[PDB]
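Note that each Cβ is placed from the backbone with ideal geometry, even for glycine, and that neighbours are counted across all protein chains shown. Read the figures in this text as sums done on the coordinates, not as results from a lab.
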Amino acid sequence: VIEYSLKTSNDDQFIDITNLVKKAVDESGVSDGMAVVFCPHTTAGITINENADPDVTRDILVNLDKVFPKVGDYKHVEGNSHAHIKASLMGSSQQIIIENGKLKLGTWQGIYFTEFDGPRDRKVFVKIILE
Amino acid sequence: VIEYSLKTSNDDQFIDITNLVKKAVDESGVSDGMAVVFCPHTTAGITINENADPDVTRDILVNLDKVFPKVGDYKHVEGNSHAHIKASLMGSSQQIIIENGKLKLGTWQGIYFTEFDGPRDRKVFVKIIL
Amino acid sequence: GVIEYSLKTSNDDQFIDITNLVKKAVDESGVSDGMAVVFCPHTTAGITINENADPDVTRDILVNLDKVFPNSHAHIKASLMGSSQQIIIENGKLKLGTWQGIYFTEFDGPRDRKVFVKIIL
């Protein structure tokens, strides 16, 4: 497994890391298998969604924020309980099928690191499962 | 990897593809392994839930709609951002353990393709790992 | 094969830390590098990975999920958490973040539950 380093900027943002997953796939030399993307953070996660217009990621973030605001019924008064919730909603990992040395995903389907508590120095693990 | 073509009807509906997955496993001959079901769309997803009482899936779709309505604070011009959100919530894939040549599912569990922007020409990928 | 654990849940909603049960399955498998798949065979419960230190974080997730979705409520919450989660096995150890715990998320207890743990490759 290889560990990539990520530098997030805004409090919450979607970072397209599809390039990072493909980098791991080439480096592995695997033609067929599985690519597992894991996020070791509890205030961030991984999701797969539209890679085209950034209006889609904006809508997801804004609306996730609307339903689970920064301020509210949170005994975890540290202020990022909302990020913990959203992290679980997106998921701690996502997997993509590897076919003919390529990630088998939709045309405009990209892999995102979903930051709900930036700016921070993050990590993302990528494991390529051969054959 | 096996690919199944699906033609969805309603703009939002849960399509039970458990048997489709089961057929992939049986035809693969694999006895012990892992079945990975992947949805290559950004306005649809894959989930596992109640396979008996149709009221359950109905309530999920309805509740998802109430919390994330078709019209609202959305900049995306296609007017389908509510679908993109629900897709990430259900997830782009799910996996099921294969034991003794059969899907190790709970008595009430069914695998669903969750369409949030139909009717459209969809696909589902099923990868059997051993 | 698969290692099945039984869990006896109590309160209506509860996050049960099963990180050790999973590590247990890992150590017993003998594998050094692979994948640990944790699967919940119930439609009113799920599996998620989140803060394993502060009890209020799980309390906030449960209560706020409840606020937005006040037993079909258990069914929708089960799908939001997910029916399964995957963890990288490296050096015969779960490659988890410092504050990451694996949780079985009960939304309709008290019940006799089960979690399956399959170690791959």
Suppose the filter is among the aliphatic types (A, V, I, L, M), under 19 Å from residue A:108 (Cα atoms) and surrounded by 15 or more Cβ atoms within 10 Å (Cβ to Cβ); does residue B:97 pass it? no
Within region B:102-130, the residues that are more than 11 Å from chain C (Cβ to nearest Cβ), farther than 20 Å from residue B:51 by Cβ and not charged (D, E, K, R) are B:118, B:119, B:125, B:128
Determine whether residue B:57 is among the hydroxyl-bearing types (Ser, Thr, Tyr) and not in a strand (DSSP E or B). yes
Scanning region B:22-37 for residues that are in contact with a strand residue (DSSP E or B) (Cβ under 7 Å, 6 or more places away or on another chain) and not in a helix (DSSP H, G or I), which turns out farthest from residue C:35 (Cα to Cα)? B:30
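Each row is one residue, and each column tells you yes or no for (1) surrounded by 24 or more Cβ atoms within 10 Å (Cβ to Cβ); (2) under 25 Å from residue B:47 (Cα atoms); (3) in contact with a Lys or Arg (Cβ under 9 Å, 6 or more places away or on another chain).
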{"site": "A:80", "(1), (2), (3)": "no, no, yes"}
{"site": "A:90", "(1), (2), (3)": "yes, yes, no"}
{"site": "A:103", "(1), (2), (3)": "no, yes, yes"}
{"site": "A:116", "(1), (2), (3)": "yes, yes, yes"}
{"site": "A:120", "(1), (2), (3)": "no, no, yes"}
{"site": "A:129", "(1), (2), (3)": "no, yes, no"}
Within region A:1-34, the count of residues that are closer than 19 Å to residue B:1 by Cβ, hydrophobic (A, V, I, L, M, F, W, C) and either crowded, with 21+ Cβ neighbours inside 10 Å or in contact with a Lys or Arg (Cβ under 9 Å, 6 or more places away or on another chain) (or both) comes to 3
Regarding region A:4-21, can at least one residue be identified that is of a type in the set (A, V, I, L, M, F, W, C), out of contact with any helix residue (DSSP H, G or I) (no Cβ under 9 Å at 6 or more places or on another chain) and either more than 23 Å from residue B:45 (Cβ to Cβ) or part of a loop (DSSP other than H, G, I, E, B) (or both)? yes
Go through region A:35-75 residue by residue and tally those that are under 23 Å from residue C:53 (Cβ atoms), within 7 Å of another protein chain (Cβ to nearest Cβ) and surrounded by 19 or more Cβ atoms within 10 Å (Cβ to Cβ). 6
